[PDB]
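Heads up: the structure comes next, in structure tokens.
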Amino acid sequence: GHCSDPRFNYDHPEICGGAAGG
């Protein structure tokens, strides 16, 4: 999803997991 965001990755590590496609 919005994994391109530096905050979003930290804010929601479970949603992104390890891919920008989240």
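Residue numbering restarts at 1 in every chain; chains get A, B, ... in the order shown in the structure tokens, and ligands count up from 1 in that same order.
Those residues of chain A that DSSP, working from the backbone, places in helix (DSSP H, G or I) are residues 6, 7, 8, 9, 10, 11, 13, 14, 15 and 16 of chain A.
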Shell of 10 Å around residue 18 (chain A), only C-alpha atoms, local chain residues under 4 positions omitted, as a ChimeraX atom specification: /A:3,9,13-14,22
